[PDB]
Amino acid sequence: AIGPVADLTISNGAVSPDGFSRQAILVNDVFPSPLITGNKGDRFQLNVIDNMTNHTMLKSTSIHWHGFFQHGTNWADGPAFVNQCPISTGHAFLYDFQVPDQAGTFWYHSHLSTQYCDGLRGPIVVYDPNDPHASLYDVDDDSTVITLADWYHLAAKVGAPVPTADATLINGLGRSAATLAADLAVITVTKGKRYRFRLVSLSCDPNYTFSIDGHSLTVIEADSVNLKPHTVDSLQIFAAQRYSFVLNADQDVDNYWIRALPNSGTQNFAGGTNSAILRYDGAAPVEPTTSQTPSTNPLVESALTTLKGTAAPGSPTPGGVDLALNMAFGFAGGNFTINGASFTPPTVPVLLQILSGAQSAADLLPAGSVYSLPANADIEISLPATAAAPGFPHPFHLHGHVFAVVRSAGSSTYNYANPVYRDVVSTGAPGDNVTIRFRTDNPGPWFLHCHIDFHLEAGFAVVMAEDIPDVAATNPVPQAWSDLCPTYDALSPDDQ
């Protein structure tokens, strides 16, 4: 409903998405943060004006446009101390980038510390005027975007380091244990019409098992990658993932529960918690009383494939690539590690370190957390799950890229011929060996990190420094970006 050229004014104020009032972060004076849209190939110019005054939730900010490749615009990707210094309060900064060759469902969120959990996070749709699935549906608009989010009555830096959510929000509304009369989100459909619902997880932590009573969901897109249509009766969506599914509203006129069960916190639907309402036009303005039927056809990620049936990069055998890396997870001293290193944000953002002459992974800070990748190559990364990294299953997101999921969680098999491609993948439970491949077609430093924000804060990340020698020439930076670090570094700590 706004974009692709827009101001995004960031401020603080009270919100009560589950009927409990608490201070949070507003965007253009609303919560939840507003939907941004554009079309395939568009230039987005999103001017982020930071007017936040609350240091507890951080006055500074930085925005990641989750899923966009940012080729040539690595400085716009958002992660603080990787791609930029934070925007300082009382300042604005223009993210100006293009989205060639992508269309689907995306989202934006703060990418400073655990700030997005305090409410800076909204959906983005990039429509495709030649969407290859356009004839599967009649309606695809602001009212078919569905977000899922975890909500806490204490702010991210006020509660426990890994807190448990008070409420699941669906399109910014939901109930907690003590607010069982709070308003539920309503999604309206007309009998006989087919809907492209674009489901986006804005979660800071839990994964949701999502279903709608009485209805199947025909999944057609995963994390902005078109799929062969695959009908399921439920699906599990991890933090920062997106699915488009077609719902054919061909059931009896009635209200039907939309359910989003989290993997932690309140795990039932008593009093309408973890729920929202699918209402057919003509149905009574009341809660559903429909029952859940057992899911016998859940989404299985290894069963999904791309619309094109694209092979994984490389040759169909383990290590069949230019560079293979294994990420060994651990946890010690209250910090997560990967291959023995815990990511601590460097004072000089990794992009700036490269622009200033750093040449190798050994040169780049933080030491032990940066991996140099060769240019124009195929890469394979395995991320075996382990109980040594508590709070599994951990979803990992690679910035700047889509990847082939050659091996998914809960599967023993490798698929090089036609695996799904996406950009956030669950690394699953101990015994799994989730394995991805991608091509290094995008010079720059890109975060690879766990999208449980509470764990990322705890160091659960590495940086892929891709094609270091070409990073500067590929990503010319605007002078507003070069002015971010001196502005930020001049702040006193209480103004951060």
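One-based numbering along the sequence shown.
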Entries skipping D233: at least a third of other ones:
no
Residue gap status of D281, at least a third of other entries:
yes
Take the C-alpha B-factors listed in the entry for 238 to 246 and for 305 to 313, compute each mean, and give the stretch with the larger one.
305 to 313
Of 189 to 197 and 263 to 271, which one has the bigger average CA B-factor?
263 to 271
When the entry's CA B-factors for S426, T73, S224, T290 are compared, the highest one belongs to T290
Whose CA atom has the top B-factor in the entry, of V471, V27, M464, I452?
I452
Going by what the PDB entry lists, where does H215 fall on CA B-factor within its chain: lowest, middle or highest third?
highest
Classify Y280 as lowest, middle or highest third according to the C-alpha B-factor given in the PDB entry, relative to its own chain.
middle
Lowest, middle or highest third - CA B-factor, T440
lowest
Modelled-residue ranking by C-alpha temperature factor, third containing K157
highest
Among all modelled residues of this chain, ranked by Cα B factor, put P346 in the bottom, middle or top third, i.e. lowest, middle or highest.
middle
